[PDB]
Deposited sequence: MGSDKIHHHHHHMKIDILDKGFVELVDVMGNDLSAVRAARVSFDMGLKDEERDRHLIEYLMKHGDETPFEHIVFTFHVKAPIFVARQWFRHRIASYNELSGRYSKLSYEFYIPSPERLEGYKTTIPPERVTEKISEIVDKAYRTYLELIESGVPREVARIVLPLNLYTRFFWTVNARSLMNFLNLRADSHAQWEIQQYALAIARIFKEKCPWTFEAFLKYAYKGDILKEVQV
């Protein structure tokens, strides 16, 4: 079980592990050891249709995610899940930042060329980072110095989430009303979910999924 999808300039979503597959939901709904394709597919659709989503909780993913803090903050609002975020305490910290490409601004009619917007963002980021390093060099503790860093600082985290919670996540974030950056991560999550649970995923698209972009 291993998949990686690159997101933004330096970000990613990688699959670390999975427990179960579409049949794990079939099994839990029946309380049985079944493994007959047709009737198992029908059952999955049937559960999805009638909003009987508990069986899908017995499918579980672990993801490793690299994303900017503004994205990670919205993400961590999903309470029915487990998070471990990068701290200095158990491994090395690094410092990269999401610089939007000029095409991110297309559609918006801006006073200055998109390339200049991109460059202004780079510049202010570079200044904050250099101030950060300055403070660290002077002996300011990391936990203080780091408050000058911008919301586009990349973080990394593991996320363990069951299929039901994942579908709820997709309903909120895989949507043209979500911020573009968020959507992009949600497409990656959907894509891995589709790979590992095609029947569940297709059933979710047909009957339960509330957004557009999938």
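Asks: Which parts of the deposited sequence have no C-alpha atoms in the model?
Replies: Several regions go unmodelled: 1-10, 46-48, 228-232.
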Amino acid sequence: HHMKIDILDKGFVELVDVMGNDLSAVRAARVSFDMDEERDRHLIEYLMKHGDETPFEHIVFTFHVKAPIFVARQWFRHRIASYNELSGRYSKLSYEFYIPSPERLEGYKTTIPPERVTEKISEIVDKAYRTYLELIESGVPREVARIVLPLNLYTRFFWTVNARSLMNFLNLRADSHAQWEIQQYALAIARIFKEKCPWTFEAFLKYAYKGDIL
From here on, numbers count along this sequence of modelled residues.
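Asks: Determine, for stretches 99-107 and 128-136, which one has the higher mean CA B-factor as deposited.
Replies: Comparing 99-107 with 128-136, the higher average CA B-factor belongs to 99-107.
Asks: State which stretch shows the higher mean Cα B factor in the entry: 161-169 or 38-46.
Replies: Per the PDB record, 38-46.
Asks: From the list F56, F33, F70, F61, select the residue with the highest C-alpha B factor recorded in the entry.
Replies: The listed residue with the largest C-alpha B-factor is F33.
Asks: Lowest, middle or highest third: where is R79 by C-alpha B factor in its chain?
Replies: It falls in the bottom third of the chain.
Asks: Using only modelled residues of the chain, where does the Cα B factor of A178 rank: lowest third, middle third or highest third?
Replies: According to the entry, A178 has a C-alpha B-factor in the chain's highest third.
Asks: Lowest, middle or highest third: where is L214 by C-alpha B factor in its chain?
Replies: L214: CA B-factor falls in the highest third of its chain.
Asks: Considering only modelled residues of the same chain, in which third does the CA B-factor of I7 rank: lowest, middle or highest?
Replies: According to the entry, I7 has a C-alpha B-factor in the chain's middle third.
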